[PDB]
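S.K.: This is the structure I have questions about; it appears just below.
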Amino acid sequence: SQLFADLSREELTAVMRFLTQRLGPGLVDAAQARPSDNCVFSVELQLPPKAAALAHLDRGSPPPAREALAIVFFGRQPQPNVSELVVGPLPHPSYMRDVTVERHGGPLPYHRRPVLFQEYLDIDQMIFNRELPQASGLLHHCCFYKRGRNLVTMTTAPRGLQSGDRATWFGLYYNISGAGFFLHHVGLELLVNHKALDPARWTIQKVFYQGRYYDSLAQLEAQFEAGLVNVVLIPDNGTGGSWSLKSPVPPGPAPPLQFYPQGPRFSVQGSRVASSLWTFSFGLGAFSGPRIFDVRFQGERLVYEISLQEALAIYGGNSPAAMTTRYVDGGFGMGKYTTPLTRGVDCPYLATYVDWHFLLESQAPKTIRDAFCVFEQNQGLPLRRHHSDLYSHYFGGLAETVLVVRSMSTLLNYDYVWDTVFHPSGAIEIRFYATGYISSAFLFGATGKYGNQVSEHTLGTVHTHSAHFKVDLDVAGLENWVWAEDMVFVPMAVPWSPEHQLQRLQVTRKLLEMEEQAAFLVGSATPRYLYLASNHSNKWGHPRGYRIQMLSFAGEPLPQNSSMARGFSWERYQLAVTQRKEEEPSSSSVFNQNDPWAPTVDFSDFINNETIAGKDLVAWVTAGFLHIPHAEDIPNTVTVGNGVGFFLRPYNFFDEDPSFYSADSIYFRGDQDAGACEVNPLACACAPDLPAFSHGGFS
Amino acid sequence: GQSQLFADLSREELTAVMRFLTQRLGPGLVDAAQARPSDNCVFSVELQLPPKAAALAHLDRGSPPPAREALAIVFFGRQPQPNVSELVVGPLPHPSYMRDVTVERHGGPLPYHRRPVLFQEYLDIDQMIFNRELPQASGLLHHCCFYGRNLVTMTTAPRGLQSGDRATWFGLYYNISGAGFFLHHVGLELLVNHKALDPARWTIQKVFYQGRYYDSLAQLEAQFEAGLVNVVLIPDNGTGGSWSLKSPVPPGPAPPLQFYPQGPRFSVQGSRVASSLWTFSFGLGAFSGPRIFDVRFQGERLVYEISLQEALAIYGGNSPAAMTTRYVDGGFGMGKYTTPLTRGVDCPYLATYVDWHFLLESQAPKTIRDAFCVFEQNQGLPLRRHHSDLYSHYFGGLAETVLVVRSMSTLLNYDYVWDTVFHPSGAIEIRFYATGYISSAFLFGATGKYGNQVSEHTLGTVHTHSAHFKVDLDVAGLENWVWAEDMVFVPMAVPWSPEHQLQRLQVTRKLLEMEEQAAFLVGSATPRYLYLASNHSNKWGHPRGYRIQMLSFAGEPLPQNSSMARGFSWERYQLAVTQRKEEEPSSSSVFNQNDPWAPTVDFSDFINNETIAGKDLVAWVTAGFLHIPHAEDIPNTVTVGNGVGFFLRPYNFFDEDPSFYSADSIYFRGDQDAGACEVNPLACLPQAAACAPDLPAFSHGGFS
Ligand SMILES: *[C@@H]1O[C@H](CO)[C@@H](O[C@@H]2O[C@H](CO)[C@@H](O)[C@H](O)[C@H]2NC(C)=O)[C@H](O)[C@H]1NC(C)=O
Ligand SMILES: *[C@@H]1O[C@H](CO)[C@@H](O[C@@H]2O[C@H](CO)[C@@H](O)[C@H](O)[C@H]2NC(C)=O)[C@H](O)[C@H]1NC(C)=O
Ligand SMILES: *[C@@H]1O[C@H](CO)[C@@H](O)[C@H](O)[C@H]1NC(C)=O
Ligand SMILES: *[C@@H]1O[C@H](CO)[C@@H](O)[C@H](O)[C@H]1NC(C)=O
Ligand SMILES: [Ca+2]
Ligand SMILES: [Ca+2]
Ligand SMILES: [Ca+2]
Ligand SMILES: [Ca+2]
Ligand SMILES: [Cu+2]
Ligand SMILES: [Cu+2]
């Protein structure tokens, strides 16, 4: 019942025509736009309000209007703004409202605007045509200069030092064919100022070569020709790992393949997955990325919403690009930068794969093929098991099979894997792996307070990753409270021999009444059992709870003292529980990246000393680690050990383990024929006949 | 050097050591399965691991292998001062000698009460409970419990309150057919004193019924018939979950099954597993449990030994049984209590399964069928992957497949799953799940400071699970140090706009020089990068490291203040790194369970202020969680979320990710046909390369 389905291609074209016809002429296609134009940057699903949605899904009411949200760069005017416009209803839009002010209390400063694909292209024209030839002598002598065809540019982080700046540090790298350029930094770094609406007016504020700072490329080339700059010649091709992805070893016998002996045990219709146990809807926001809604275990709802909010990456280093860099990846877009899943590599070969349609930086809706995969996975583990050789002879267990939804977001070098996994015990696991290439610096000098040499001439820069999740649990209805259970030892005299002492173990329950009590900072410890719960109880009279259980190796957060830190105040928390308000739909924003100093959304604002005793609650989970890159990250960072996320786990929510009622259960007694088919289902063509491999392709 | 030094004893070898001991132990030597306290007894015979010097000498430098010997534990009960003794017996397979290492190892005789409780001993206790004692309470027992064939006993933990005690609290439970009796405690608990060598002399120290203490079952029945006890009728049958394991739902369509399209890609020969990438030996200690030795990635050794050392379970509760209970399961035995893996449940259906032979509390070697399973598992995840739409058009990834060894130890109610999993990146994951049934109390009174109601009349008692692992890494040779890498922010002026401040991120490396510095307590925080390393370095000049990365939600440890805490000192640590000594083989002992007050091994002794700069090092990793039982543990505790253990991860050990050279890797350009077979191995699985096997007909390893 498809309220939460990302927009169809029809629905996008429809909103795009509507916007065209009503936004004034002189409306330029975003992929070609200059700063001083008008521009549709984004069109995408605007999620409905929760009231109306549940009204419809639970109480049969009519659905809420299906609307879209378009971001429009209004560059052609005295005071340029960015504007968010709601456009509905679908599929025949008749209205368009400008929610900008009602939402962020004022206009959106034009510098918060994400850097357009055209803008990057215009910056590379200035760099390679006007600027770089001024240093053609150095670049011949260090990096095989040709007129800028062999070199290539990569963005950084927040752009400038202060609200309203738009000055970006750019590294230069060899333009490696068929493998990651990110490892071949050439040592040159340019602070480009591109705030102006007129690209002609763009300057080059600073330069960095090989340990030293200059004021222009002309000054650097003065100092080189004056023989005053020791230049080293950096190789340009090479072999293995640092240069390739292609294995030299020929393919061996084949890895284990999984198939479904008697057909799949789940279906995907549109945005809705359904199985014997689990029902839910799914999607990608363009900037927020993955999300699932209306998660229903055996037909009862557990969560209204679980959704990625933000990923973050804080670097340090020798060079100015590295030490400035704090990527707030929502400002690029986790959904925009989704990539095709490659069958049999990113997901089981036999998974069902679904496309994703989007309208971003174009006026055509485009489509990313195989963006999502959904599949059942046999884990190899038992979910549960007991073998009794004692007093009575029996065995009873159950191999865990798991249901899984996966997207992958390729933000330049990094490939983020997002997983939503659905256990047959009633638990939901959320997971986040980082693979892909490292972002690297040129090796020079004081290295080692800042990272590891990881190839010739390559410094693997130290950095943290963090990601933020919204968990809108509705545990047995809307009104939830949060409990914190834990443990304690209490010295006591042994009752039946009181001259003797015994350390008496005891549970510890405190009911958290206030937002501030449930806001938990990185660094401080936290209750071992922490769960959202209901007024209602299970058979045995305990409050029905879903428990959050995290998996994080937190990096130390950017210190509060920094002006920047407000653009990601969620980084400072492990976990926070909050009154769930419509005015507070998201934890970061697409506009924080390019101005964290005046944050377009500041998460610490949500924690504001209200009650959380019997309210519609939402948990916010931070997860992440520290990364000191090392030789085994070349060519890619591996998944092993880097899984982070959390478990949502039943806690007296049921009256017993629901897997007890599993169809795939197994039991037998000592006195039975354990290998007779009427006692044991395991005791019973040309099996998997496979789809011919396909690929979603490239840009 | 081609020998299998690390192989659990075969059955011929066990019979041989048994025969030898028989002939040479004096006559009047009784079979342990039928032995009384005052008898002589062979409790255990099992492989004695060789000394490291000699073993490597052989394995690396070609020298001859060290004498393969066995270690027998012998209960010497027939004498003025009864001892336990450990005897080495070799060489095999034709033993010619036997020495009594008891004194040489633990500085003195082994006090007889440290001995584990024999199967006969438990039976003699049950004879005293059901024949002599329990009928004195026959009135009560009719009224409440449908009265001694319908009831059944279960042990506890340390036995007493003081070194030398041997008095055990025993719960009484309905003798439920075909499902866990552990959930049906009837409310009666008997403190039995069985220290004496004459079972006739055994007493019943105290009694506990439904909230109240009494001095004997006779005085309980006085007060019952005097109408002075409010007695609670506890049902005897029931349905679903609290009573069954058998699902009422009929089998549906089949779950995913995994097979190897063109043969297996590993082999098990005896104790030795071998694959394209990983080569290692494996076994069970009878009491220690799981262990692997001589682990070699692509031919180079990473670890000499990884071995379970102890599991622990500290309980609390309303009732005396629960609040006393601290299991040190080594004292029962993780190997002894291994159980058959049930194919297609405990491991993949097509995994290769291996038996385990043992001689314990008998004179015949017996065999546990399907005790281990080894298998490759496709994980679904990529190990690694990158899709470039930027500047150049390519794709390069690799689905992670993994190699796995698994044993399962069923210690009465609990089924521990031990996993050792071998990633193709060079990492080694160690894992530990607990499923099975909960140990439960009768629900009564101020419950809730002590756990959760989990069925009618059943309290799920709170507890902690902790396990201890020995990790003897030999990173690029024997001489290792430990480094602690971490991070810091340093306020600074932005160099190009000094007016402006920037929070400067930096790496932090300190080299830990002393044992105490690398001993990290539960509760303390602890370096984010902690690794053992070499004098030697990789191509780029950083020291060659394997890094320990833990996965623990540790309970608070038993407070030091308790006399008992010495028996498991390792609980108090997350991690410790130690000079690896032969005198210090193991972290716990089979003899701690029944006397933690005077501990037969005390782990804190190992941490004693020596250097760990450039020595043969051994890390000790504790892992564990808190468990407040809850409805969803009925009938069994589930695995999901309760995986605990650690990763051993390369850290500038190689010059690059070795999976770069994988056979299973995948790459193609934008300008290529991604679905052509000469470009992409995956575009042939259909065409021809499928065909699921005919499966082996299901078998089962059976029961006692
Ligand atoms: C941002 O700019 C847009 C136009 O570029 C503003 O919207 C227009 O406002 C005028 C009156 O201010 C109307 O007559 C038009 O019909 C409006 N067009 C639309 C689509 O809104 C908008 O007011 C500006 N926002 C702010 C807060 O400055
Ligand atoms: C533990 O018990 C054994 C016998 O039960 C003792 O061993 C015997 O000791 C006598 C005299 O020392 C010898 O002549 C026997 O032949 C020994 N038997 C064996 C096989 O060792 C043992 O010495 C006792 N240990 C201690 C320290 O009490
Ligand atoms: C970079 O290299 C690729 C192929 O190796 C080429 O197709 C592309 O046009 C080059 N130029 C730039 C700067 O993108
Ligand atoms: C316990 O139950 C089993 C039935 O499975 C039976 O064989 C046995 O006799 C019963 N009695 C005792 C005390 O074990
Ligand atoms: Ca709030
Ligand atoms: Ca809620
Ligand atoms: Ca020592
Ligand atoms: Ca070592
Ligand atoms: Cu990283
Ligand atoms: Cu438990």
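So you can find residues: chains in the structure tokens are A, B, ... in the order shown, residues in each start at 1, and ligands are numbered from 1 in order.
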Could you pull the residues within 9 Å of residue 97 of chain B, counting only C-alpha atoms, minus those fewer than 5 positions along the same chain, as a VMD selection string?

M.R.: chain B and resid 20 88 to 91

S.K.: Keeping only N, CA, C and O atoms, write the selected residues to a file as a PDB file, in the first residue's frame.

M.R.:
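To be explicit, this is the file written out as out35.pdb:
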ATOM      1  N   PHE B  20      48.678 -49.506  29.271  1.00  0.00           N
ATOM      2  CA  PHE B  20      49.888 -49.173  30.026  1.00  0.00           C
ATOM      3  C   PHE B  20      49.609 -48.755  31.452  1.00  0.00           C
ATOM      4  O   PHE B  20      50.293 -49.180  32.360  1.00  0.00           O
ATOM      5  N   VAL B  88      52.224 -38.032  32.768  1.00  0.00           N
ATOM      6  CA  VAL B  88      52.604 -38.089  31.354  1.00  0.00           C
ATOM      7  C   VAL B  88      52.968 -39.508  30.996  1.00  0.00           C
ATOM      8  O   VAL B  88      53.654 -40.176  31.749  1.00  0.00           O
ATOM      9  N   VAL B  89      52.546 -39.946  29.824  1.00  0.00           N
ATOM     10  CA  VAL B  89      52.760 -41.315  29.404  1.00  0.00           C
ATOM     11  C   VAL B  89      53.165 -41.332  27.944  1.00  0.00           C
ATOM     12  O   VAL B  89      52.421 -40.880  27.103  1.00  0.00           O
ATOM     13  N   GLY B  90      54.344 -41.856  27.632  1.00  0.00           N
ATOM     14  CA  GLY B  90      54.791 -41.925  26.243  1.00  0.00           C
ATOM     15  C   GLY B  90      55.939 -42.895  26.023  1.00  0.00           C
ATOM     16  O   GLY B  90      56.318 -43.591  26.958  1.00  0.00           O
ATOM     17  N   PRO B  91      56.476 -42.987  24.801  1.00  0.00           N
ATOM     18  CA  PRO B  91      55.976 -42.291  23.618  1.00  0.00           C
ATOM     19  C   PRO B  91      55.017 -43.142  22.838  1.00  0.00           C
ATOM     20  O   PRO B  91      54.939 -44.330  23.014  1.00  0.00           O
TER      21      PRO B  91
END

S.K.: List as CSV every residue of chain B that is in contact with ligand 10, defined as an atom at most 10 Å from one of its atoms (using only C-alpha atoms and all ligand atoms), together with the nearest atom pair and the distance in Å rounded to one decimal, sorted by chain and then rising number.

M.R.:
residue,atom,partner,partner_atom_place_in_ligand_line,distance
B:313,CA,ligand 10,1 (Cu),8.0
B:314,CA,ligand 10,1 (Cu),9.7
B:315,CA,ligand 10,1 (Cu),9.4
B:414,CA,ligand 10,1 (Cu),7.9
B:433,CA,ligand 10,1 (Cu),9.9
B:434,CA,ligand 10,1 (Cu),6.8
B:435,CA,ligand 10,1 (Cu),7.8
B:436,CA,ligand 10,1 (Cu),9.0
B:437,CA,ligand 10,1 (Cu),8.5
B:438,CA,ligand 10,1 (Cu),6.4
B:439,CA,ligand 10,1 (Cu),8.2
B:460,CA,ligand 10,1 (Cu),9.3
B:461,CA,ligand 10,1 (Cu),8.9
B:462,CA,ligand 10,1 (Cu),7.8
B:463,CA,ligand 10,1 (Cu),6.3
B:464,CA,ligand 10,1 (Cu),6.8
B:465,CA,ligand 10,1 (Cu),6.4
B:625,CA,ligand 10,1 (Cu),8.4
B:626,CA,ligand 10,1 (Cu),7.4
B:627,CA,ligand 10,1 (Cu),5.0
B:628,CA,ligand 10,1 (Cu),7.6
B:629,CA,ligand 10,1 (Cu),6.9
B:633,CA,ligand 10,1 (Cu),8.8
B:637,CA,ligand 10,1 (Cu),7.3
B:638,CA,ligand 10,1 (Cu),9.7
B:642,CA,ligand 10,1 (Cu),9.4

S.K.: Write out the residues from the selection above, keeping N, CA, C and O atoms, as an mmCIF file, in the first residue's frame.

M.R.:
data_model
loop_
_atom_site.group_PDB
_atom_site.id
_atom_site.type_symbol
_atom_site.label_atom_id
_atom_site.label_comp_id
_atom_site.auth_asym_id
_atom_site.auth_seq_id
_atom_site.Cartn_x
_atom_site.Cartn_y
_atom_site.Cartn_z
ATOM 1 N N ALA B 313 30.171 -18.501 34.007
ATOM 2 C CA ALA B 313 28.782 -18.040 34.070
ATOM 3 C C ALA B 313 28.483 -17.699 35.516
ATOM 4 O O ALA B 313 28.389 -18.601 36.341
ATOM 5 N N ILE B 314 28.379 -16.399 35.805
ATOM 6 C CA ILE B 314 28.084 -15.891 37.141
ATOM 7 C C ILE B 314 26.613 -15.436 37.263
ATOM 8 O O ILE B 314 26.157 -14.553 36.529
ATOM 9 N N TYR B 315 25.887 -16.075 38.190
ATOM 10 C CA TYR B 315 24.444 -15.920 38.329
ATOM 11 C C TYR B 315 24.122 -15.127 39.584
ATOM 12 O O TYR B 315 24.969 -14.939 40.450
ATOM 13 N N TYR B 414 23.122 -25.114 28.596
ATOM 14 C CA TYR B 414 23.692 -24.194 27.613
ATOM 15 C C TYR B 414 24.366 -24.958 26.524
ATOM 16 O O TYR B 414 25.019 -25.948 26.817
ATOM 17 N N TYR B 433 29.064 -18.111 20.532
ATOM 18 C CA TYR B 433 27.633 -17.920 20.733
ATOM 19 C C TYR B 433 27.149 -18.812 21.871
ATOM 20 O O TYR B 433 27.687 -19.904 22.063
ATOM 21 N N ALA B 434 26.134 -18.368 22.622
ATOM 22 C CA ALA B 434 25.455 -19.268 23.567
ATOM 23 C C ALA B 434 23.986 -19.390 23.201
ATOM 24 O O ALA B 434 23.305 -18.364 23.147
ATOM 25 N N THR B 435 23.528 -20.617 22.891
ATOM 26 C CA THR B 435 22.086 -20.932 22.720
ATOM 27 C C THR B 435 21.819 -22.030 23.678
ATOM 28 O O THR B 435 22.609 -22.246 24.568
ATOM 29 N N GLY B 436 20.737 -22.757 23.459
ATOM 30 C CA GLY B 436 20.286 -23.773 24.382
ATOM 31 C C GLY B 436 19.272 -23.176 25.343
ATOM 32 O O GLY B 436 18.686 -22.128 25.106
ATOM 33 N N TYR B 437 19.080 -23.871 26.447
ATOM 34 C CA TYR B 437 18.107 -23.492 27.450
ATOM 35 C C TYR B 437 18.757 -22.609 28.522
ATOM 36 O O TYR B 437 19.963 -22.656 28.731
ATOM 37 N N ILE B 438 17.935 -21.817 29.201
ATOM 38 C CA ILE B 438 18.359 -20.999 30.353
ATOM 39 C C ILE B 438 18.374 -21.849 31.594
ATOM 40 O O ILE B 438 17.597 -22.760 31.714
ATOM 41 N N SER B 439 19.228 -21.524 32.539
ATOM 42 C CA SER B 439 19.159 -22.110 33.881
ATOM 43 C C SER B 439 18.170 -21.236 34.658
ATOM 44 O O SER B 439 18.378 -20.007 34.771
ATOM 45 N N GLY B 460 13.636 -16.252 34.995
ATOM 46 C CA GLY B 460 14.864 -16.297 34.227
ATOM 47 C C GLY B 460 15.925 -15.552 34.998
ATOM 48 O O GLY B 460 15.893 -14.328 35.041
ATOM 49 N N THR B 461 16.860 -16.268 35.616
ATOM 50 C CA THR B 461 17.820 -15.601 36.510
ATOM 51 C C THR B 461 18.855 -14.864 35.718
ATOM 52 O O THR B 461 19.362 -15.416 34.722
ATOM 53 N N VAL B 462 19.156 -13.637 36.160
ATOM 54 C CA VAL B 462 20.235 -12.807 35.603
ATOM 55 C C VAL B 462 21.593 -13.512 35.680
ATOM 56 O O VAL B 462 21.855 -14.262 36.621
ATOM 57 N N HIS B 463 22.472 -13.252 34.729
ATOM 58 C CA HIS B 463 23.795 -13.848 34.769
ATOM 59 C C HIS B 463 24.754 -13.161 33.798
ATOM 60 O O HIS B 463 24.332 -12.382 32.927
ATOM 61 N N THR B 464 26.052 -13.440 33.974
ATOM 62 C CA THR B 464 27.086 -13.024 33.016
ATOM 63 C C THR B 464 27.745 -14.222 32.341
ATOM 64 O O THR B 464 27.937 -15.263 32.925
ATOM 65 N N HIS B 465 28.043 -14.065 31.069
ATOM 66 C CA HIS B 465 28.786 -15.048 30.332
ATOM 67 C C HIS B 465 30.132 -14.391 30.052
ATOM 68 O O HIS B 465 30.160 -13.227 29.627
ATOM 69 N N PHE B 625 29.206 -11.051 27.992
ATOM 70 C CA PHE B 625 28.077 -10.145 28.060
ATOM 71 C C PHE B 625 27.232 -10.364 29.314
ATOM 72 O O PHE B 625 27.529 -11.225 30.136
ATOM 73 N N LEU B 626 26.232 -9.504 29.482
ATOM 74 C CA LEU B 626 25.244 -9.639 30.531
ATOM 75 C C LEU B 626 23.967 -10.180 29.900
ATOM 76 O O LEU B 626 23.600 -9.854 28.759
ATOM 77 N N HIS B 627 23.267 -10.990 30.677
ATOM 78 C CA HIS B 627 22.054 -11.621 30.203
ATOM 79 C C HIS B 627 20.921 -11.533 31.228
ATOM 80 O O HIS B 627 20.928 -12.247 32.225
ATOM 81 N N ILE B 628 19.956 -10.664 30.971
ATOM 82 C CA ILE B 628 18.738 -10.587 31.744
ATOM 83 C C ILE B 628 17.760 -11.358 30.883
ATOM 84 O O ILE B 628 17.316 -10.888 29.826
ATOM 85 N N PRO B 629 17.455 -12.580 31.273
ATOM 86 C CA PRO B 629 16.595 -13.412 30.423
ATOM 87 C C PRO B 629 15.235 -12.802 30.216
ATOM 88 O O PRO B 629 14.780 -11.985 30.962
ATOM 89 N N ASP B 633 13.728 -16.022 25.068
ATOM 90 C CA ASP B 633 14.729 -17.037 25.350
ATOM 91 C C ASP B 633 14.030 -18.388 25.571
ATOM 92 O O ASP B 633 14.683 -19.432 25.767
ATOM 93 N N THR B 637 17.456 -19.572 23.952
ATOM 94 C CA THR B 637 18.270 -18.383 23.665
ATOM 95 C C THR B 637 18.758 -18.456 22.232
ATOM 96 O O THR B 637 19.227 -19.490 21.753
ATOM 97 N N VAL B 638 18.680 -17.325 21.563
ATOM 98 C CA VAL B 638 18.940 -17.226 20.150
ATOM 99 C C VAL B 638 20.329 -16.609 19.966
ATOM 100 O O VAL B 638 20.828 -15.924 20.869
ATOM 101 N N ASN B 642 24.460 -11.941 19.936
ATOM 102 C CA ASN B 642 25.253 -12.503 21.021
ATOM 103 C C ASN B 642 26.569 -13.151 20.581
ATOM 104 O O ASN B 642 27.189 -13.919 21.324
#

S.K.: Using only C-alpha atoms and all ligand atoms, which residues of the polymer chains come no farther than 12 Å from ligand 4? I'd like the answer as a PyMOL selection string.

M.R.: (chain A and resi 388-394+669-671) or (chain B and resi 123+126-127+129-131+147-154+172-181)

S.K.: Atom CA of residue 416 of chain A and atom CA of residue 465 of chain A, how far apart in Å?

M.R.: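 We find that atom CA of residue 465 of chain A and atom CA of residue 416 of chain A lie 10.6 Å from each other.
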
S.K.: Quick one: everything within 10 Å of residue 467 of chain B, counting only C-alpha atoms, minus sequence neighbours fewer than 5 positions away in the same chain. Send it as a VMD selection string.

M.R.: chain B and resid 308 to 313 328 to 329 432 570 to 571 621 to 625 644 to 645

S.K.: List all protein, DNA and RNA residues that have any atom at most 7 Å from ligand 9, counting only C-alpha atoms and all ligand atoms, and write the list as a ChimeraX atom specification.

M.R.: /A:434,438,463-465,627,629

S.K.: Keeping N, CA and C atoms, export the residues of the selection given above as a PDB file, in the first residue's frame.

M.R.:
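As written to disk, part_36.pdb reads:
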ATOM      1  N   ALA A 434      32.485   0.205   4.991  1.00  0.00           N
ATOM      2  CA  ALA A 434      33.130   1.087   4.019  1.00  0.00           C
ATOM      3  C   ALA A 434      34.208   0.319   3.272  1.00  0.00           C
ATOM      4  N   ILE A 438      41.041   4.449  -0.555  1.00  0.00           N
ATOM      5  CA  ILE A 438      41.281   5.476   0.464  1.00  0.00           C
ATOM      6  C   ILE A 438      41.488   6.813  -0.236  1.00  0.00           C
ATOM      7  N   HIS A 463      41.786   9.186   9.533  1.00  0.00           N
ATOM      8  CA  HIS A 463      40.439   9.735   9.434  1.00  0.00           C
ATOM      9  C   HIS A 463      39.438   8.942  10.271  1.00  0.00           C
ATOM     10  N   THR A 464      38.298   9.555  10.589  1.00  0.00           N
ATOM     11  CA  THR A 464      37.190   8.859  11.244  1.00  0.00           C
ATOM     12  C   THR A 464      36.034   8.704  10.283  1.00  0.00           C
ATOM     13  N   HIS A 465      35.272   7.643  10.425  1.00  0.00           N
ATOM     14  CA  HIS A 465      34.001   7.603   9.757  1.00  0.00           C
ATOM     15  C   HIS A 465      32.928   7.555  10.821  1.00  0.00           C
ATOM     16  N   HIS A 627      40.257   5.110  11.533  1.00  0.00           N
ATOM     17  CA  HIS A 627      40.940   4.428  10.470  1.00  0.00           C
ATOM     18  C   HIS A 627      42.341   5.032  10.305  1.00  0.00           C
ATOM     19  N   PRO A 629      45.066   4.264   7.970  1.00  0.00           N
ATOM     20  CA  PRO A 629      45.224   3.385   6.825  1.00  0.00           C
ATOM     21  C   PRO A 629      46.541   2.648   6.875  1.00  0.00           C
TER      22      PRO A 629
END

S.K.: Could you pull out the residues in segment 192-329 of chain B that DSSP calls strand (DSSP E or B) from the backbone, as a PyMOL selection string?

M.R.: chain B and resi 192-193+203-209+212-214+257-259+261+263+266-269+272-275+278-285+289-297+300-315+326-328

S.K.: Skipping near chain neighbours, those fewer than 4 positions away, what residues fall within 6 Å of segment 34-43 of chain B using only C-alpha atoms, listed as an NGL selection string?

M.R.: :B and (29-30 or 73-78 or 120 or 197 or 360-361)

S.K.: Please extract the residues at most 10 Å from ligand 5, counting only C-alpha atoms and all ligand atoms, and provide them as a list in words, using the chain letters and residue numbers of this document.

M.R.: residues 515, 516, 577, 578, 579, 580, 581, 583, 584, 603, 604, 605, 606, 607, 608, 609, 610, 611, 612, 617 and 618 of chain A

S.K.: Output C-alpha atoms of each residue in that selection to a file, as a PDB file, in the first residue's frame.

M.R.:
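And here's part.pdb as it stands now:
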ATOM      1  CA  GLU A 515      15.290  13.687  26.655  1.00  0.00           C
ATOM      2  CA  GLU A 516      18.573  14.675  28.353  1.00  0.00           C
ATOM      3  CA  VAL A 577      16.021   9.388  22.180  1.00  0.00           C
ATOM      4  CA  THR A 578      13.696  12.181  21.320  1.00  0.00           C
ATOM      5  CA  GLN A 579      10.127  13.285  20.974  1.00  0.00           C
ATOM      6  CA  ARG A 580       9.319  12.630  17.342  1.00  0.00           C
ATOM      7  CA  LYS A 581       8.109  15.803  15.689  1.00  0.00           C
ATOM      8  CA  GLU A 583       9.243  19.806  12.293  1.00  0.00           C
ATOM      9  CA  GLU A 584      12.276  17.562  13.028  1.00  0.00           C
ATOM     10  CA  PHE A 603      20.944  18.054  15.695  1.00  0.00           C
ATOM     11  CA  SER A 604      21.654  19.157  19.301  1.00  0.00           C
ATOM     12  CA  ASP A 605      18.529  21.359  18.886  1.00  0.00           C
ATOM     13  CA  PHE A 606      16.303  18.260  19.051  1.00  0.00           C
ATOM     14  CA  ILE A 607      17.541  17.444  22.528  1.00  0.00           C
ATOM     15  CA  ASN A 608      15.745  20.189  24.401  1.00  0.00           C
ATOM     16  CA  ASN A 609      14.483  18.909  27.727  1.00  0.00           C
ATOM     17  CA  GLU A 610      10.961  17.631  26.983  1.00  0.00           C
ATOM     18  CA  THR A 611       9.398  14.528  28.355  1.00  0.00           C
ATOM     19  CA  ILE A 612       9.858  11.083  26.751  1.00  0.00           C
ATOM     20  CA  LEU A 617       9.609   8.394  20.365  1.00  0.00           C
ATOM     21  CA  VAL A 618      12.489   8.151  17.923  1.00  0.00           C
TER      22      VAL A 618
END
